[PDB]
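Coordinate analysis (summary)
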Amino acid sequence: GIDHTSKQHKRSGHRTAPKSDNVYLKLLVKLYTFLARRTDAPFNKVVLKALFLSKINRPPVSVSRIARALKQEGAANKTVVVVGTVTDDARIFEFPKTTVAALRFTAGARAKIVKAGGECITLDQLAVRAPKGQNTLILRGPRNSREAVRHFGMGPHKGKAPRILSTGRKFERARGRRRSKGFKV
Amino acid sequence: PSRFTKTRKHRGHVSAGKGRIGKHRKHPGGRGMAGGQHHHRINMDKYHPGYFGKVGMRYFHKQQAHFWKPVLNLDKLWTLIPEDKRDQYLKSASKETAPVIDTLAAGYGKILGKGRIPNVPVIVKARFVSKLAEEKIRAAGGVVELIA
Amino acid sequence: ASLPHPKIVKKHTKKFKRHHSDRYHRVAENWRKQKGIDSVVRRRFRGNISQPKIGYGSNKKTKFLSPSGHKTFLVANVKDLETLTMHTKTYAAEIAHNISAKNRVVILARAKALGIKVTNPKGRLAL
Amino acid sequence: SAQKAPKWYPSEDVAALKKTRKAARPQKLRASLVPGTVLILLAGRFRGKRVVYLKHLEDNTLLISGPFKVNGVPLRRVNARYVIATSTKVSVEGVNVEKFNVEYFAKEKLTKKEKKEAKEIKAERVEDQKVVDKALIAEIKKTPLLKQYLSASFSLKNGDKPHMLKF
RNA sequence: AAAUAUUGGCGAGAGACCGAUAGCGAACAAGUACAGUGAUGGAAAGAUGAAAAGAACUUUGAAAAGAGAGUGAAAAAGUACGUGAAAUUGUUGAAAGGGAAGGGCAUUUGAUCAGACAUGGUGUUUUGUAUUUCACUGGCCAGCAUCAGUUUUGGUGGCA
RNA sequence: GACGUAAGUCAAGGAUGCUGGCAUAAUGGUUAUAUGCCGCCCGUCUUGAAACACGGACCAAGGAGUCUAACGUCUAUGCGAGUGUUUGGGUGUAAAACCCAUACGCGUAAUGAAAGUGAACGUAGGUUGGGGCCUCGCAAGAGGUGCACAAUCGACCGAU
RNA sequence: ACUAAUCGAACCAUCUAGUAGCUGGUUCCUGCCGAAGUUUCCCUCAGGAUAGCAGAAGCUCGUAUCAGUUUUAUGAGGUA
RNA sequence: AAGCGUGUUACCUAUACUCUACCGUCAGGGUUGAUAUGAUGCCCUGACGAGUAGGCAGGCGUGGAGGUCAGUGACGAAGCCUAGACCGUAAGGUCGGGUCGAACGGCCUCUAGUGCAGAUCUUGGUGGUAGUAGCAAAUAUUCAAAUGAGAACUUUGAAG
């Protein structure tokens, strides 16, 4: 009989293993679990806890964003690591030569990168070429950009997007949204 | 499937996950959008503001054909050219030989100006265009012509 | 025989019976949780039947073990039995109930040859 | 297959025991046990028989010989806990007891082949009782009434209390 | 005209369907028996056995029927028939019993039940060389000595 | 870690050594009963049920959060600025499987009631914090780069 | 009153499985966490929505921008 | 005083506290250059474990589907009974015996008309009540013979 300041048997709340069934995506976790444990490099710990993220938490990273990462001084020769997919981009027309390690590359991204003189690899080549994250650089896709997030935290006077199928006149543009009729939000 | 439904986990629990005192009934709050103004007013003015009332004029016999105006920003303008011939036009910027990008036949009505096209000549065929969309085309040396 | 093992402590040998199982014939003996809002059993009143809990969970090193110290294996034929050839120490054979008599004499002879212990050798004999 | 298979077969090898840090130190005895004292047997064939403690064997038992011609107890070993040590003693520096030890009282070598399903004293066990008793009977006569006391058994009378009774 | 609809009719083919309280109300002489003045309402009821081979014949009884015999692989398949559960009932047996009984902890008493190790076993002369003709240990239960952890009860010594 | 010049030994990261009996109903299990103590009849409504609250004579079977249209969050998978074959067509071993075009749906641009307009001054901006990486640093630590993100000030687009 | 044992609106079938903020019931086990009966609005008081309390999914980081706490200092109160 | 007021100690016992073992959950960790059945596994350390409504996770079970065990079975499948045994904390699983007669399992998945003690639940059946209440209005039967196995009730006669 003790007082319990906090909630007991509280699960840590973080994903410990990818609850995807994918065997290959568990082989990568098996490799990086060994690297994260058997090395002191914080980079392996980071990538290990990025392999578990869900699909919404592993947003696509555009090759345009890869280029923007290489625009930083001191990062011209650094390898880029994207724990997730890497989709291409029509926005950029010049791509610097570099090496990218990502879980999945779209066929458009491979064509754009390899033709640009770069090279595409996966996390296991990355482990081979750089165990402890030498001269590496981790990129994360934008997370609040999801369309499901425009409606998150909806309330009065919040500037959020109401949940609605059809958007246009006669749909949430009357009393309660405009000051002429009823009130404003 | 049915075997993963919490109902199978609710067998034996008398209330079937609905509460002893709540006594899950058929329609305790109404049917559909009932009480949108009386007893669900707080919901309908918090989560769905602007549901009730007029706004705007009434368009009689609306046709979405008239308002078909898909927008093509200038960043995507180079996706119209097939990827095989994009490079031969990206390199060798030629004033007297500029690719004729026809946006209409690919299903684009208006050219907008989200911008940053490479400074090479380009030919744009669109029904409409925005003011800044032109200037970026002209600043790249291209021209815009009117088709319909 | 089997490997040396910790002493088999069952820690609750009494079978858990459902509340009022004897009182009503319709109440099956099988244990179902008494989820009543007033039942003295669910509130763990004194002098009442004990509810299954983890605490009655047996020791891992002596779980699934027979009093002879062997984890029983349900064998159906000779081919199934041959899997336990080197595993005679832990696993003891057990002929399935539906194996025919002429199919038991072959297994018992084969099992006795390999020295694997069978916990139903007195099953379905002919004299 | 009636029951398919358990993959994780246990460790079929047997693990050796850990090095146990327990020696076998010599037994220490309660102060009431002095060679030549008189004990009272508590459990066994000769319960309540007075006896004389002779030597402490390395098998943590007591080699006692209540003179066989007195109380009928042979030169036999008993357990230290199952005897009550009485204050009285008999001097025993005139008896040779060295030849009696653990291997002497060895019963016999018995296996399952020699199973007495249905159901003789060595001459040495008799002569050695004599020679040992010779010293006892010679040096027990000098004190009066001890031979009578040693012959008689012992039992708790009614109205007495073993805790406040000093032995 | 066609592409379209078709829980009616006829024919046909299928089913991750139901399986005799299910599936049509209706697997069976079912819109039948039956109820209602009438409109209408409307059930229950499938399975011996491969084959009736459906128990000839003897005896008791008035007869049903019983006992036999017999057919049958089986009558623990006899048409009141595949298997035949429980409530409920009888017989026998076991137990208990001063206004309930029943249940839990613990154990007695009685009844009843799995098991070792009784192992090629640290080997020993085979009757024209694979029987070791005495074995190593654990199976149960304890006792003692030395220890370790927790604790309890004391006897004392020194010191402030 | 101790004791030992040391070798070693030990009460030092958890029990050993010896001995005896029995080897089976002996220990134990199940069950019945007895004895000590305890235990109110369950489900539900309820602040409160053993209730002088209601349902429940007993037994067997049947019996109650299912399916679908459209969605929300979450998650998995495929592809990914695209995605969706299966309205249809070709094919087939024939309700399967395989292949296929254009459209169309959602997304890529928002805003306005509408006419309409429509998103880079800047390295896609600045500031602060920011995992990680990099330079030095034995190491802390100091710097540089700092994606995601959080706040804010901006900048551009629509409307007034 | 009576109108086929039916009458302050017969009986039969269908729409119909009418409606229910109301009553009763809601079937296996174990494990972990674990409340509320309060705010506000409602022809609202046997009910809902909304906030609160709870679970789960987690996400960003790694000892802090913390705390049903005290001290110090400085305010405020109008109860005993 | 076994009352009152007070004090001294001794003592009794909670599922409380301490320690130990075991179980589960949580957290923090360890575990791959011929080392382990090759990683949701194994192992170490520590702290916790009440609970309705309710949430979530892991499992047991039933009807059927795809696959596999070249699975089981007329020398006996399923079913059923079993104060017989074992396993699992439990849902349940497995075995032994008897009846039994023809199909049915284990595992990986898939699916659903998937688990009953209740609903004055439905249908069917059977109880205690219980050999009980009752078979008492209509004045009323009796004798003998006959038939018949059997006569208060049938005849026929005689009476009333």
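Provided above is the structure to which this section pertains.
Report on the accompanying structure.

What counts and how
- Residues numbered from 1 in each chain as written, not as in the entry; some residues may be left out.
- Chains lettered and ligands numbered in written order.
- Part of a larger assembly, values for the part shown.
- Heavy atoms only, no water.
- Residues with missing side-chain atoms left out of burial classes, pairs and counts.
- Helix = DSSP H or I, 4+ residues; strand = E, 2+ residues; numbered from the N terminus.
- Rg over C-alpha atoms; globule rule 2.2 N^0.38 Å.
- Buried < 20%, exposed > 50% of the residue type's maximum accessible area, 1.4 Å probe, protein only.
- Areas by Shrake-Rupley, 256 points an atom, 1.4 Å probe, with all protein chains shown as cover.
- Contact = heavy atoms within 4.5 Å.
- Buried area = accessible area lost by both parts, 1.4 Å probe.
- Salt bridge = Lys/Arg side-chain N within 4 Å of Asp/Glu carboxyl O.
- Polar contact = N/O pair within 3.5 Å; in protein donor to acceptor, adjacent residues only side chain to side chain.
- Nonpolar A, V, L, I, M, F, W, Y, C, P; charged D, E, K, R; others polar.
- Core = buried A, V, L, I, M, F, W, Y, C linked by side-chain atoms within 4.5 Å.
- Near = heavy atom within 4 Å.
- Axes fitted to C-alpha atoms, helices over the stretch in contact; angles between N-to-C directions.
- Parallel < 35°, antiparallel > 145°, perpendicular 65-115°, else oblique.
- Left-handed = near helix turned anticlockwise from the far one by under 90°.

**Focus: the overall build of chain C**
Looking only at helices and strands, chain C features two helices and two strands. Going residue by residue from the N terminus, the α and β elements of chain C occur as β-α-β-α. Against the globule reference of 14 Å for 127 residues, chain C gives a C-alpha radius of gyration of 20 Å, more extended than a compact globule. Along the first, second and third principal axes, the C-alpha atoms of chain C reach 60 × 35 × 25 Å. Out of the 127 residues belonging to chain C, those deemed buried represent 28%. With the model as given, the accessible surface of chain C reaches about 9,200 Å², and the carbon-plus-sulfur share is 55%.

**Digging into the interface of chain B and chain A**
Taken together, the contacts link 24 residues of chain B with 20 residues of chain A. When the buried area of chain B at its contact with chain A is split by residue, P49(B), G50(B) and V55(B) rank highest and sum to 31% of it. Put simply, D45(B) and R175(A) hold a salt bridge, and the shortest N to O gap is 2.3 Å. One can count seven residue pairs in polar contact joining chain B with chain A. Of all the secondary-structure elements, those providing two or more residues to the side of chain B that touches chain A are α2 (41-46) and α3 (83-90) of chain B. Examining the composition of the side of chain B that touches chain A, we find that three residues originate from one element, α2(B), more than from any other. Taken together, the residues that form the side of chain B that touches chain A break down as nine nonpolar, five polar and ten charged.

**Focus: the nonpolar core**
All names here are of chain A. Ranked by size, the top nonpolar core spans 20 residues in total, and within it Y32, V47, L51 and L123 carry the most contacts. At the level of secondary structure, the elements contributing two or more residues to this core comprise α1 (23-37), α2 (42-50), β2 (79-87), β3 (99-105) and α5 (123-129). At six residues, α1 tops the list of elements feeding residues into this core. Not counting the four nearest positions on each side in its chain, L123 is found in contact with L28, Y32, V47, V81, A101, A102 and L103.

**Some points on the protein's contact with RNA strand E**
Around RNA strand E, a shell composed of 21 residues is seen, among which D22(C), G47(C), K22(D), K28(D) and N60(D) lie nearest. The sugar-phosphate portion of RNA strand E accounts for 86% of its atoms within 4 Å of the protein, the bases making up the rest. Separating a sugar or linking oxygen of RNA strand E from a side-chain N or O atom of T111(D) is a distance of 3.3 Å. The residue makeup of the surface near RNA strand E, split by class, is four nonpolar, seven polar and ten charged.

**With respect to the packing of α1(A) against α2(A)**
Residues and elements named next belong to chain A. Running from N to C, α1 and α2 cross one another at 150°; their axes reach a closest spacing of 8 Å. Relative to α2, the element α1 is oriented roughly antiparallel. Once α1 is placed against α2, the crossing between them reads as left-handed. Across the interface between the two elements, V29, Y32, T33, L35 and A36 of α1 pack against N44, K45, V47 and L48 of α2. Here the contact of α1 with α2 is built from residues that sort into six nonpolar, two polar and one charged.

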